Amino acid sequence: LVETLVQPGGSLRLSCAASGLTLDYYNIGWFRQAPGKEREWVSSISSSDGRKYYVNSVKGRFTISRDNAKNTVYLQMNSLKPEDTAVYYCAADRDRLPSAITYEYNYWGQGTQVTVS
């Protein structure tokens, strides 16, 4: 069930965690879906590096990071715009680095409705 409001220029942090997954050894990716559109790739972090990847439209605004202490991946969102309104999803996979080309991943997190006014 989608979890589900932010002021323009506001902040929001999403969390990727699952009790069974040692995320420090997974590739993690974030996607977002507007009501009438497909799921758009936002950002990924690679397992076998610390290497981070961003769509151009979020560069300098969104930051992906791993907290290995709490076995969690975060997407920190700053300078939010109405155009960022969407349901956000994280994905994780040991073998595939999440990207726009596919949605076949071992793990998909629960969605979160983000609404920028």
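From 1 onward, residues are counted along the sequence shown.
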How big is the unmodelled gap, if any, between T4 and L5 relative to the deposited sequence? Choose none, 1 to 3, 4 to 9, or 10 or more.
1 to 3
Mean B factor on CA atoms, stretches 41-49 and 85-93, record says higher is 41-49
Regarding 76-84 and 63-71, which shows the higher C-alpha temperature factor on average in the entry?
63-71
Which third, lowest, middle or highest, does the C-alpha temperature factor of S15 belong to within its own chain?
middle
B-factor third for the C-alpha atom of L23 within its chain
middle
